[PDB]
């Protein structure tokens, strides 16, 4: 509360470490559904159904331009990518499986890096 602060968790490396994680996600073989924004002109249903589209390129631009105020807002966008994928794709599809694998991959790096 006022003039009463918990000890300062060192956040000075968070930008670098989120950038490293994102590089690892970008280079995973199963990243291909997620690298670019879904083309809203060419994919029926996407625009109406997926209220907040997100992709790795968009997260990378946000990261590079100071649009994440902290590491939790970064993790929210990454998870959004996988949550969107589960909304739109059957679990037993190549893209559905890709999304599960990537989420697993991400959550491990996240825990190992920060928790």
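Any read-out appearing in this document is the output of simple, stated calculations on the displayed coordinates, not a laboratory observation. FYI the Cβ positions are ideal-geometry reconstructions off the backbone, even for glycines, and counts take in every protein chain you see.
Among residues belonging to segment 14-38 that are assigned to a loop (DSSP other than H, G, I, E, B), surrounded by 13 or more Cβ atoms within 10 Å (Cβ to Cβ) and touching a residue at least 40 places away in the same chain (Cβ under 8 Å), point out the one that is nearest to the chain's Cα centre (by Cα).
Checked segment 14-38; the qualifying residue nearest to the chain's Cα centre (by Cα) is 34.
Of all residues in segment 72-92, count the ones that are surrounded by 13 or more Cβ atoms within 10 Å (Cβ to Cβ) and part of a loop (DSSP other than H, G, I, E, B).
Going through segment 72-92 one residue at a time, the tally reaches 1.
Please determine whether any residue of segment 39-51 is in contact (Cβ under 8 Å) with a residue 12 or more places away in the chain and not in a loop (DSSP other than H, G, I, E, B).
yes
May I ask you to list the residues in segment 52-63 that are part of a helix (DSSP H, G or I) and free of Cβ contacts under 8 Å to residues at least 40 places away in the same chain?
56, 57, 58, 59, 60, 61, 62
Would you confirm whether any residue within segment 3-10 is under 26 Å from residue 113 (Cβ atoms) and within 14 Å of the chain's Cα centre (by Cα)?
No: zero hits.
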